[PDB]
């Protein structure tokens, strides 16, 4: 050994009674620790630093277990030293793991799998090593106050000094040019501040007289919109840092000709759903955020949801009410779940966050507010409605809370009673006062716009009056910022008129009609004289598929402007920004007109600048897309139609996610014609990346569509009990998925490995524990979402399903192959079992890039034209009989 038989202790973050953590180290094989929740790990302190040579683990039974062992010599960093990932059963002899004489004062054992239960266990753990004579070192989470930073000095300088602020802005608009099209095009522009045009945001583009482009605008985003206007209408250039670009500039800067002056009737152009921060932006670095804000300003956006670094604000707030930093970390979710954590739906899951997290994200948020200030983009910060942890009373006995029940199998945080009786302590007032103060401490006065949404998708209003709740929440927000505007989401008829009528100051609230392009609900808001924004939702969960509503955008936005007195803006509220760039380009365009436009000729113009060129055939393919996947519909529907490939296998499947659809409302063979045309023009257009993007989009749409048809043939073949029929069609079905995987390999944005690597690398000098945990977050979100009770009982299984390379191969295909094998076995042998899908899915979720399989961050050289012809030939609906 030698075995460390003394001074060793252990902690855990949950257990089923009375299977406490100490039962893992009590020398007794008949006693065990057992997990109760999603913290499936224990932490052994060794009473000093040892050089470990061996670690021995015993489980309570003969099930197959999988786990990862991490160690620390500094008490801060936990690095992986051992793991079990083989399918061998536990037995009476235990598992012995050799350690490379690694210095360790603490150990973590994360038992990520148990073949017999959702719940995990360690009966005993023995650690063998050589005592170093040393002891683990002492360090507390500490963050800077905004006012004490270079950010505050800069922020105030912009605020007080007009000439400085203008210089800063103009220089930023110029840096934007250098980032977007290249440094060599920067001095080809002259940027000027002008006034508003009758109280409206405005830009101008004209010729300087010496071959440069002169652009005027009342602020940053107006300038960047003039820049984009020039690129789009004169340079035939189209920028989308997420969904494909044409950035090929002419040899000479083209002349503007006659001067243009373009204003917008809208006070706000809005961007972001709480969900975007999770489904898309979870693992974004500053570079990705910088890109995004350039694209924002260029698209006219001046109002943007901002929850970056809100974990520090909450930490400082909770610290005042009896919570340690560790307890705060247990409250807050992991980095993929902030959407539903800030919307009061869930706690804990994916966590705990590393100690490093707090400072890094406060800094990222300060960085973002600096650029936003330069552009004149208002962030929407956080308001406070009463959200507290479920043990808030234990720590603050006089506090009055309301249990909020569950959300999709998760426990919702409590909610402080917004008001109490006389003679009762008012903890809404105490905690709200701290919250707004700590939010100032972390970021300063950066905005008058605050977002909070009590009772989002459920909860419980207890004994309280609905209107009185919304009266007090607003009054309190205005208390700490007299100019405050409470940004309120409008989702599925909530908040009701009765909550909304509680708003005593209508000017200081702004309601986001979240789903205005499928299900508008602004009439109720307009009738109550409430300022409101018209929003395109479009995207649910980052689910992919050809789908957009260009005609409604072209018509309904200007029509709403004319039919109303309280529409203060338009915007986007997608759950992910990863799909259908047409929709988002058209919506932000609709801000700069009071008249309806022609969606058909708009598209004709759009595709030319996107591909860099156009022709008769490419146009007619896009008309086919407009006539099919993009055709105006009048039904209710959430998201693009879902692919059967991404569905949990079975009979009578009508979607992949619980409240989704797989119904194709257009003619499939008609849509396939677009792919024929794209393939026919491939060689001419392959120099365009945005063309390849769209080709991959419609081609993977073609194969999703045909897969559905093939699935029904093979289902009919089994239900008719033969047989070698089934083998054939089931085999052609799996072959189709293998072709799909090749299609998806062509796009960097469709690679699972990019999502995952971004998770593992988003902070620097992270230990293996943090990287592994963040990869858990990335895997789980796009698949099971949560654990068994969240995936199954909760309805969240495959909610965020992705048509992604690697994921399709190792997860979607694998599910379908097992089920086929399957039915075949029976049809020949009998009979086919019930497959416990979650088990199989969570197997993949818990795999790690460094020990299991590293997914590529690099696209393939596969030929889409060629791939398209293979699709038309063998895997199409058009040729489906042959």
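Numbering follows the first chain given and starts at 1.
Missing deposited residues between residue 138 and residue 139: 1 to 3, all without coordinates in the entry. The stretch of deposited sequence separating residue 62 from residue 63 contains no residues lacking coordinates in this entry. Legend: mean Cα B-factor per stretch from the PDB entry, 692-700 versus 129-137; the higher mean is in 129-137. The deposited model assigns a higher average Cα B-factor to 610-618 than to the other stretch when 747-755 and 610-618 are compared.
Per the deposited coordinates, the residue with the largest Cα temperature factor out of 271, 416, 261, 533 is 261. Within the listed group 164, 384, 279, 774, the record reports its top CA B-factor for 164. Residue 856: CA B factor lies in the lowest third for its chain, per the PDB record.
In the deposited entry, the Cα temperature factor of residue 551 places it in the middle third of its chain's modelled residues. Annotation for residue 303: C-alpha temperature factor in the lowest third relative to the rest of the modelled chain, per the entry. Ranked by Cα temperature factor within the chain, residue 187 sits in the middle third according to the deposited record. The deposited CA B-factor of residue 839 belongs to the middle third of values across its chain.
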